[PDB]
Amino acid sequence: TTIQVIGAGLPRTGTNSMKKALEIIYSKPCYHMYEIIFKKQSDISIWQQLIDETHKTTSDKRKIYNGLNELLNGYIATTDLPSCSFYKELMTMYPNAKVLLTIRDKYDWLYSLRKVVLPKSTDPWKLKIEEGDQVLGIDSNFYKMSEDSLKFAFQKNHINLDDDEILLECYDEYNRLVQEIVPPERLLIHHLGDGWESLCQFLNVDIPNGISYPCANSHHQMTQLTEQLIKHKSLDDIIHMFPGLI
């Protein structure tokens, strides 16, 4: 198994649905942030060392390639952070892998990000996310790795993440840079709601007969998940309420 598709889209642009869509097409697993959170939290420290390596004055690219290969062993595709921040490196390791850029309205994206991924430091909901994540075993190590991977994607060392305006422009610039960096034939821009048609054509497969395009991971469902984790203090006791998520 080798990487066939590199998902460059940022969190909250439909990466989980694209993960599930690629798993349907290929019948093999696709990486995602939820693979880390719910299945392999030991990957956190690996991603952290890879991101740190990029910050050095002289970066060892083969250390980065080796780490990515270990992390993605057994996977047919990647989506979401932290992997999307390494799309240039994954394109080079896998020159025949195609690139998908999931994209959506920038203002819908910011709202979704503030609800699930990156609340402002002054938002009291931030404390609820953290309390729910604690039930899952997620701690400060994860938040540092995830934040560092977002900053790496945005190619900034210092960033005021509480500034909505700076996030909007980093979002536009990132999506613009992907389309500049990736050769046109090697890239599909998949807008939210685009469904099977353009994706299957791009990947040279047929549209899955009788299987609807996934619609997973809404901020409404994530808000409920956080609340049920806080209430019941157990993922196992609540997962029956969240089918088709993890």
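Just count from 1 along the sequence shown to find any residue number. Take the two forms, find the largest set of C-alpha atoms that superpose within 1.5 Å, and that set is the rigid core.
Undergrad: Line up the rigid core: which moves more in 4 other deposited structures of this protein, 53 to 61 or 195 to 203, by C-alpha RMS?
TA: Per-stretch check in 4 other deposited structures of this protein: the more divergent one is 53 to 61.
Undergrad: Using the B-factors recorded in the PDB entry, average over the C-alpha atoms of 9 to 17 and of 222 to 230, then report which stretch comes out higher.
TA: That would be 222 to 230.
Undergrad: Between 207 to 215 and 61 to 69, point out the one with the higher average CA B-factor as the PDB entry records it.
TA: Looking at the recorded C-alpha B-factors, 207 to 215 comes out higher on average.
Undergrad: Going by the entry, which of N141, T78, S149, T102 has the most elevated CA B factor?
TA: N141 has the highest C-alpha B-factor of those listed.
Undergrad: Using the entry's values, work out which of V117, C84, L168, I159 has the largest Cα B factor.
TA: Answer for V117, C84, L168, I159: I159, with the highest C-alpha B-factor.
Undergrad: In terms of the chain's CA B-factor thirds, is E185 lowest, middle or highest?
TA: Answer is highest: the recorded C-alpha B-factor places it there.
Undergrad: Looking at the entry's B-factor column for C-alpha atoms only, identify whether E131 ranks in the lowest, middle or highest third of its chain.
TA: CA B-factor rank for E131: middle third.
Undergrad: Rank-wise, by C-alpha B-factor, drop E197 into the lowest, middle or highest third of its chain.
TA: For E197, the deposited C-alpha B-factor lands in the highest third.
Undergrad: Just say lowest, middle or highest third for the CA B-factor of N96 relative to the other modelled residues in its chain.
TA: For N96, whose C-alpha B-factor we compare with every modelled residue in the chain, the answer is the highest third.
Undergrad: Could you tell me which third, lowest, middle or highest, the C-alpha B-factor of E173 occupies within its chain?
TA: It falls in the middle third of the chain.
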